[PDB]
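# Report on the structure
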Amino acid sequence: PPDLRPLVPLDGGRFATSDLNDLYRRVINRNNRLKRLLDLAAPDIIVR
Amino acid sequence: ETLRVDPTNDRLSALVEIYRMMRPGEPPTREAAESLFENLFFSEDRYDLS
Amino acid sequence: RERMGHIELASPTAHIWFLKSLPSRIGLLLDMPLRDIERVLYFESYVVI
Amino acid sequence: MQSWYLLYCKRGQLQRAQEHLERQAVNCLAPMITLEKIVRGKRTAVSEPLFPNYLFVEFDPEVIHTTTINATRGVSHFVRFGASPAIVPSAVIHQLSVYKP
RNA sequence: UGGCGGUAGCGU
DNA sequence: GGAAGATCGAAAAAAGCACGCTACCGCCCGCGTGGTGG
DNA sequence: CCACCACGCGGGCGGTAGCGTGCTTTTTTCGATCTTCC
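Header annotation of the entry names cryo-EM as the structure determination method and lists the resolution as 3.1 Å.

This is the structure in structure tokens:
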């Protein structure tokens, strides 16, 4: 849940991103890239 | 005894073994191994005893 | 604070907790060494089904 | 003797890495796709590298070493499966060359 | 007014 | 007399390292791409 | 028409390589003997 990994305001127009948010972003980006490359009929080496 | 244990018997084999130990996962070539050995200790830029 | 999300993985991924925590549950269940499991998991060698 | 390798490049540095590899006298390959783009309202097609951040480099490890390719100021790393870098068969190279999706 | 990392200090 | 169980030491990987409290410092993503004003 | 105020996506960093480097205990694995037989 989001409150378990909150983004505390930094009173400077920015936010403090937690480690969990960074890891989730990495996982989501990797999954989206894999889906896009699978839909593009990528070669076996790139898919692996 | 150390000479007996050591399998290498030539400069090329010794350099290849040293390169494999230093940089595992790379193709061991004579030129790369000799470059690494000569740059590890006898190169001023990388090695410098104060 | 209680509602959770879910991500649909493009391909199945093994659980690291059930893999690296010695003894390897997957390796012990499959009667194969951990090295072979790591090799097949990280796309190093084919395994027959 | 000359063989093909797969290279993962840094973001937005595909052209710089390609030019650096060309300076090393090695063969470079990257798929090109023409896609209709805007760019401030002018209607043409831009070239986008299919399978982004991927390069196919034909060279000889004996002529020039692998780490030299790994440190061409713009190449992120090698696509290695195991200890040694992976080898892409020539059939895949031929497919990629003839394929024009 | 939330967290970490580093440094220094107090009581054992 | 070669193959499978024993074992044996040597090496490699994982985990732990007291309790409270106080003060200060530093940080809380970069870079090719795009629109707007001098 | 050119300088400069936003901006939204990947990943070690940076470099035509190499960086590590003063703990101890427990568990697992592996090469090497070995040894013991069928």
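So, about a nonpolar patch on the surface. Taken together, the side chains of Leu20(A), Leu23(A), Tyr24(A), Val27(A), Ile28(A), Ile7(C) and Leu9(C) make up a nonpolar region of the molecular surface, amounting to roughly 590 Å² of accessible area. Overall, the relative accessible area of 36% leaves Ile28(A) in the partly exposed class.

With that settled, the discussion passes to the packing of aromatic side chains. Going through the model one piece at a time under the given rule, you end up with seven aromatic pairs over all chains. Measuring from centroid to centroid gives 6.2 Å for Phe41(B) and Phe42(B), while their planes differ by 85°, and the two rings are edge-to-face. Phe41(B) gets classed as partly exposed once you look at its relative accessible area, which sits at 43%. Members of the aromatic cluster, connected to one another through ring pairs, are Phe37(B), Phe41(B), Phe42(B) and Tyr47(B). Stacked on the ring of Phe81(D), the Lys or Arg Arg48(A) has its end atom at 4.4 Å from the ring centre.

For the rest of this paragraph, the subject is the interface of chain A and chain C. Every contact between the two is made by 10 residues of chain A and, on the other side, 10 residues of chain C. Buried surface at the junction of chain A and chain C, both sides included, amounts to about 900 Å², of which 62% is carbon and sulfur. Joining chain A to chain C, the criterion identifies zero salt bridges. For the pair chain A and chain C, the number of links is three residue pairs in polar contact. Its residues placed into classes, the side of chain A that touches chain C shows six nonpolar, one polar and three charged.

With no contact formed, the shortest span from any C-alpha in chain A to any C-alpha in chain B equals 19 Å. In this structure chain B stays clear of chain C, and the shortest span between their C-alpha atoms is 14 Å.

The next thing to look at is the protein's contact with DNA strand G. Near DNA strand G, the surroundings consist of 26 residues, among which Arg25(A), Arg23(B), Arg35(C), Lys10(D) and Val75(D) are the closest. By atom count, sugar and phosphate contribute 49% of the portion of DNA strand G lying within 4 Å of the protein. In the model, a base nitrogen of DNA strand G is placed 3.4 Å from a nitrogen or oxygen of the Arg26(A) side chain. Counting residues per element, the ones that place at least two in the surface near DNA strand G are α1 (19-39) of chain A together with α1 (14-23), α2 (66-70) and β6 (75-78) of chain D. Across the surface near DNA strand G, the residue classes tally to six nonpolar, 10 polar and 10 charged.

The rules behind each value
Residues numbered from 1 in each chain as written, not as in the entry; some residues may be left out. Chains lettered and ligands numbered in written order. Part of a larger assembly, values for the part shown. Heavy atoms only, no water. Patch = residues over 30% accessible without salt bridge, like charges linked within 9 Å, V, L, I, M, F, W, Y side chains within 5 Å. Areas by Shrake-Rupley, 256 points an atom, 1.4 Å probe, with all protein chains shown as cover. Salt bridge = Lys/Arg side-chain N within 4 Å of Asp/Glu carboxyl O. Buried < 20%, exposed > 50% of the residue type's maximum accessible area, 1.4 Å probe, protein only. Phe/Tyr/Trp six-rings, centres within 6.5 Å; stacked < 30°, edge-to-face > 60°. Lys NZ or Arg CZ within 6 Å of the ring centre and 35° of its normal. Contact = heavy atoms within 4.5 Å. Buried area = accessible area lost by both parts, 1.4 Å probe. Polar contact = N/O pair within 3.5 Å; in protein donor to acceptor, adjacent residues only side chain to side chain. Nonpolar A, V, L, I, M, F, W, Y, C, P; charged D, E, K, R; others polar. Near = heavy atom within 4 Å. Helix = DSSP H or I, 4+ residues; strand = E, 2+ residues; numbered from the N terminus.

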